[PDB]
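This report concerns only the one structure given below.
Every chain is numbered from 1, with letters handed out A, B, ... down the list of sequences. Excluded from the calculations below are hydrogen atoms, water molecules and symmetry mates; all remaining heavy atoms, backbone and side chain alike, are included.
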2 protein chains.
Amino acid sequence: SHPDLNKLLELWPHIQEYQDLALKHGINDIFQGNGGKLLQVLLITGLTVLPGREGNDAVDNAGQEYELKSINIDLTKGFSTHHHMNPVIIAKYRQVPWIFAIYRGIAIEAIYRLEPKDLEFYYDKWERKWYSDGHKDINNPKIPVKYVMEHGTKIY
Amino acid sequence: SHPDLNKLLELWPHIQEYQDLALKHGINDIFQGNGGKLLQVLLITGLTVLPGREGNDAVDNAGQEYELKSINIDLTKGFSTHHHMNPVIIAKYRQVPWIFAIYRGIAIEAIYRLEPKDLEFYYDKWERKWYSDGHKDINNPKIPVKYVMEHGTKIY
DNA sequence: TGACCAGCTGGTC
DNA sequence: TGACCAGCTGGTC
């Protein structure tokens, strides 16, 4: 075993408390799908993740759904979407507003909200390519952080 | 914001320390790819993560590469593999031994190792099915926890 | 920018 | 059991 295993031990009880708080708010594993980050966004905005949801989607007090994305800017400048993008995937996106959270590794820096009207530029670009390439799925095309910051409304 | 936000604030400094520890050992984000749990396995076994790596693969002091998997037994019974299983993926898998970690919550219970000869039962089965189905990828077939415990060597 | 490419996993019946 | 159903992201230039 490596000598740092000792540090891991002292820190664990605090990590367990955090996982307990995540469970209280519907997140089963803080270590997958940006789980520990998702909790911060939820508590700041007041949004909720429902049991039986399909991904990182959440809802407000009135029941309106939102797609939640996150990015680590110390590594990349474009938000991930889907590994196999096509018109069926885009249809799931079309009618809901998106919430984009920006991080420096682990420290949250800002949160922006984009409406359907401000995402149509990308939905159209993706559908156009899909046809051109003979109905070939697109491998994870990105949404630039600058586009998000300029077109969206900052909420944090 | 949800009133529980104040709680996260007390916990945060400890969480940041854990991410600092992971960064020192080659892991950039404790909240994706079972990051926080992968670090625990690396510290227990003495394995290290090769920079420039594809995914969660690790190396020993002899330079032998390994594929590492993880599971939470209190809610899942089979280990994930690949979303698009095919002959190219199978040939990669056949070259290295695998390390399997078992958790109950975020509490680690055990770790097992299997050699290529111990997994051929599945590789042979999957390859035959790919050709037989008319060259169609298999979507994430699972390896049973019972199979791992009966055909592997217990390491922890 | 956006072109090419990749791995980490959960669920049901 | 195995055969299917799904999403979360990152690499080079």
Pucker class of C:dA3, from the sign of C1'-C2'-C3'-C4': north

Side chains of B:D20 and B:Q16, donor plus acceptor under 3.5 Å: yes

Residue pair B:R113, B:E115: steps toward the salt bridge (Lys or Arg N to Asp or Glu O under 4.0 Å) verdict: CA-CA 7 Å; B:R113 168 190 169 139; B:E115 319 303 322; 2.8 Å; yes

Flag side-chain contact, heavy atom, 4.5 Å: B:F31 against A:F31: yes

Phosphate OP1/OP2 of C:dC4: any A:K129 side-chain N/O under 4.0 Å: yes

Heavy-atom protein contacts under 4.0 Å, nucleotides 6-13 of chain C, coded B base, S sugar-phosphate only, - none: BBSBBB--

Sugar-phosphate only, base, or nothing, as touched by A:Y122 at under 4.0 Å among non-hydrogen atoms: sugar-phosphate

Member of A:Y112, A:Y66, A:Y93, A:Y122 meeting the ring pair (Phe, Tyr, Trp, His ring centres under 6.0 Å) criterion with A:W98: A:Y93

Nearest-angstrom distance from the residue atom CD1 of A:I138 to P of C:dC5: 13 Å

Sugar-phosphate, base or nothing in reach of B:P144, heavy atoms under 4.0 Å: sugar-phosphate

Rounded distance in Å - CH2 (A:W126) to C1' (C:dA3): 16 Å

Sugar-phosphate only, base, or nothing, as touched by A:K37 at under 4.0 Å among non-hydrogen atoms: nothing

Touch class at under 4.0 angstrom, heavy-atom based, for B:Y147 against every strand present: nothing

Under 3.5 Å: donor-acceptor pair, side chain of A:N72, backbone of A:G105: yes

Polar side chain donor-acceptor pair, B:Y103 to B:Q40, under 3.5 angstrom: yes

Atom-to-atom span, CD of B:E150 to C1' of D:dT1 - whole angstrom: 13 Å

Separation of atom NE2 in A:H151 from atom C1' in C:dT1, rounded to whole Å: 13 Å

